[PDB]
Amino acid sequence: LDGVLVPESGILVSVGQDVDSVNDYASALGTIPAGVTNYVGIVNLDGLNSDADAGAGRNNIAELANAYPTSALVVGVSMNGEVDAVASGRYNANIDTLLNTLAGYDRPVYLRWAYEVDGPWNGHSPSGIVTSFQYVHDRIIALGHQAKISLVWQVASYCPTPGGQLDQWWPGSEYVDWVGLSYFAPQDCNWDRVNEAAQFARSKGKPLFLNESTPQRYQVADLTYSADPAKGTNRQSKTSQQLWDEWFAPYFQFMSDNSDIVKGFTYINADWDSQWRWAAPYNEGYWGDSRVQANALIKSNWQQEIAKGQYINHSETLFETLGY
C-alpha cells in the first residue's frame, strides 16, 4: 500500500489466470513465474480457500499460494454485481477475511479490487467504486497489512465503451497504488482505450499494470485469427510469425512506449476454448487459445523477450525488488 510494493525499476512478469493453466505454463516453460494470478468473488469468497470453477478456469488461492510460495500473488476481486451493498458494509467481515488471509501469505499481493471498474457489465455505480476503494485502502492500514497488499484500480480499456469517461470512477490518488488495464483486442480502436488508460495513469503519477492480457480471437495451437468477437467465425490461417508480429510484438512495444509508467503485466496463458464459459458455441464471446507453449516459434520468442533485462522474473531477490 501507498507505493511500497511498486518496483523502482523493471516490469513484473506474472501469469494467469487459473491454477491449472498457470501450472501448465510453469511446467511447459520450465520456469517459476515471478507472479501468479487467480480470482475471488467478494460475496462468497469463492476461490479463496477451496476450488471455484465458473467456467473460466479453476481458482483456488490457497492451492496457488502453496504451489508458488516465493512468487508474488495477484488477485482479482469481483463485486459479483453487489458493489453498492459492498460499499454499504454488508460484506465487511468478508473483506477482513480476504485481507487477513492474503496478508497471512507473507508476500507481495497485488489486489485488483472490483476489477474492470468501468466495465458496464459489472453493474458498478461510480459512488460504490469510489467509496469501496477508500474503504479497502483504509481497512488495509487498520488491519496492519499496508506492507503486504498493493491496491490496483483496473479499468476495462474496452473499445466498445466510449472514451473520456474515466474520471467518475477514480477514488483519488490517496487510495490507489496502481492503475490497471485489459489488453485483449486494442487494435479494434487503434489502441485508443489502452492509450487513454496509460495517459490517465501517467497524469495521476501511478504505475501501470496490464492486469489482463491475451491475443484475443487468436488460436496459438491452430494458428488462426477471427475478426468475429462474438462467435469466432470466418477463421483465417496465420503463420506463427504473423501471430507474433500482429499481437505479441505490439504488446511488448506498448510497454516500451509507456516505459515511464509500466511496472507489471499478467499474461493469461490458457486454452480459453476448453473452458466452458469461453467455449463453443460462444455465448459469452470468442477468446481462443493463448498458450505460448502451443507453438514452437511463439514459445521461443516469448522466452527470449521476457528474459530481457527490463523484466522482473523469479529469483531469490524477487520480493526485495518488489519492495517486500
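Numbers for residues come from their place in the sequence shown, where the first is 1.
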Of 74-82 and 236-244, which one has the bigger average CA B-factor?
236-244
Looking at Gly123, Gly164, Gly180, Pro215, which has the highest CA B-factor as recorded?
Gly164
Can you tell me which of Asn258, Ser27, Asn44, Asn38 has the maximum CA B-factor listed in the PDB entry?
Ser27
Within this chain's modelled residues, let me know which third the CA B factor of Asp20 belongs to: lowest, middle or highest.
middle
Would you check the entry's CA temperature factor for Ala147 and let me know if it's in the chain's lowest, middle or highest third?
highest
Determine, from the deposited record, the chain-internal third of the Cα B-factor for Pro207: lowest, middle or highest.
lowest
Is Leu297 in the lowest, middle or highest third of its chain when residues are ranked by C-alpha B-factor?
highest
Chain third (lowest, middle, highest) by recorded CA B-factor, residue given as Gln134:
middle
